[PDB]
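J.:
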Amino acid sequence: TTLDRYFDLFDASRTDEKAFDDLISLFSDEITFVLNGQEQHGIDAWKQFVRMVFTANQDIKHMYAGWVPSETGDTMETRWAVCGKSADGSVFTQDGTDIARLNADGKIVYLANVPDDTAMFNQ
Amino acid sequence: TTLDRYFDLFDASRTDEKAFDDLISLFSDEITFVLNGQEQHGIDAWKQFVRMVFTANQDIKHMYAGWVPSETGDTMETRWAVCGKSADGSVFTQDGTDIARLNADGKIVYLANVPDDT
Ligand SMILES: [Cl-]
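Here the protein sequences come in this chain order: B and A. When the letters of the first sequence are read in order and numbered with the authors' numbering, they come out as residues 5 to 127. When the letters of the second sequence are read in order and numbered with the authors' numbering, they come out as residues 5 to 122.
#1: Is it buried or exposed, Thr-82(A), if we count other Cβ atoms within 10 angstroms and call 16 or more buried?
#2: Whose Cβ in chain A lies nearer than 8 Å to the Cβ of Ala-69(B)?
#3: Can you pull the chain A residues whose beta carbon is under 8 Å from the beta carbon of residue 3(B), in chain order?
#4: To the nearest angstrom, report how far apart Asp-20(B) and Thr-59(B) are at their CA atoms.
#5: For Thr-76(B), which of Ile-103(B), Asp-48(B), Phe-125(B) and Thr-36(B) has the nearest alpha-carbon?
#6: With a threshold of 8 Å (Cβ to nearest heavy atom), would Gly-110(A) be considered close to ligand 1?
#7: For ligand 1, is there any heavy atom lying closer than 8 Å to the beta carbon of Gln-62(A)?
#8: Let me know the secondary structure DSSP gives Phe-96(A) once reduced to three states.
#9: Can you name the start and end residues of the alpha helix (DSSP H) that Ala-116(B) belongs to?
#10: Taking the alpha-carbon of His-66(B) as reference, which of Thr-79(A), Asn-107(A) and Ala-85(A) has the nearest alpha-carbon?
#11: Can the beta-carbon of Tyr-114(B) be found closer than 9 Å to that of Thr-36(B)?
#12: Of the choices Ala-116(B), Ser-29(B) and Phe-125(B), whose alpha-carbon is the least far from that of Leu-39(B)?
#13: With a threshold of 8 Å on Cβ separation, who are the neighbours of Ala-69(B) within its own chain once the five nearest residues in sequence on each side are excluded?
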């Protein structure tokens with residue numbers, strides 16, 4: 005399924021030309037994507053966003069729990085886990101949820117990324 | 005360097021016995037290692053730990069910043085980032101620091117894994 009191919013293609017697209025092409029193929033040209041509430045539209049914007057992630061990081065890895073029906077609405081969602089290494093050498097992780105909708109052709113037409121609130125501070 | 009080979013060997017060891025054997029080769033038989041603030045000793049205990057990580061998880065990936073000298077003592081340390089998928093399907097992340105000591109022969113003789121105080 006397109007949603008199940010997404011994360012591995014995203015990670016492979018950092019270094020792989022064909023994987024990048026396949027990654028873009030998962031999406032409708034009119035994809036609406038949201039990053040912590042900020043909405044973006046279209047394939048040009050999407051390609052620019054993916055390319056930005058790859059220039060920002062020397063390495064990145066995504067793991068996901070599995071796409072399940074959202075409690076409310078017509079969407080599917082999954083928990084995800086990210087680890088990476090910045091272009092500056094430092095490392096990081098992130099946890100969150102992605103929420104998505106497919107069209108009748110099975111292409112991704114909506115994809116929202118919601119990073120969790122963090123709890124690094126302990127005092 | 006043995007410490008620079010550690011992380012990628014660790015991850016590759018989940019699916020390749022040659023990587024596991026190379027990983028084990030980095031260590032002194034006198035390895036003292038610390039997990040969750042609890043100390044263990046010896047290569048047998050070390051092998052059992054690595055094997056447990058791979059039964060506990062379907063997948064695991066480690067990223068590290070780079071091994072640098074510690075503020076005090078003769079150890080080296082690195083920040084690390086881990087993401088994984090549990091045997092139960094759930095996913096997780098963790099951040100922390102590893103602190104290591106090499107013996108005179110360059111083998112890992114002390115390794116403390118120190119997850120962040122979150
Ligand atoms: Cl599973």
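For every residue, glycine included, the Cβ atom is placed at its ideal position computed from N, Cα and C.
T.: Straight from the coordinates:
#1: The residue in question, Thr-82(A), is buried, as its Cβ has 16 or more Cβ neighbours within 10 Å.
#2: Residues of chain A with a Cβ closer than 8 Å to the Cβ of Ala-69(B) are, in chain order, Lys-89, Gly-93, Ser-94 and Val-95.
#3: Residue 3(B) cannot be examined here, being either before or after the span of chain B that is shown, 5 to 127.
#4: If you take the alpha carbons of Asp-20(B) and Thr-59(B), they lie about 14 Å apart.
#5: Of the listed residues, the one whose Cα sits closest to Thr-76(B) is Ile-103(B).
#6: Within 8 Å of the C-beta of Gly-110(A) there is not a single heavy atom belonging to ligand 1.
#7: True, at least one ligand heavy atom lies under 8 Å from that Cβ.
#8: In the structure shown, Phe-96(A) falls within a strand segment according to DSSP collapsed to helix, strand and coil.
#9: No alpha helix (DSSP H) holds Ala-116(B); the beta strand (DSSP E) holding it covers 112-119.
#10: From the listed residues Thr-79(A), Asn-107(A) and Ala-85(A), the smallest Cα separation to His-66(B) is found for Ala-85(A).
#11: Between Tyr-114(B) and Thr-36(B), the C-beta gap is smaller than 9 Å, which places the two residues in contact.
#12: Of the listed residues, the one whose Cα sits closest to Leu-39(B) is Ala-116(B).
#13: Contacts found: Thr-82, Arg-83 and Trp-84.
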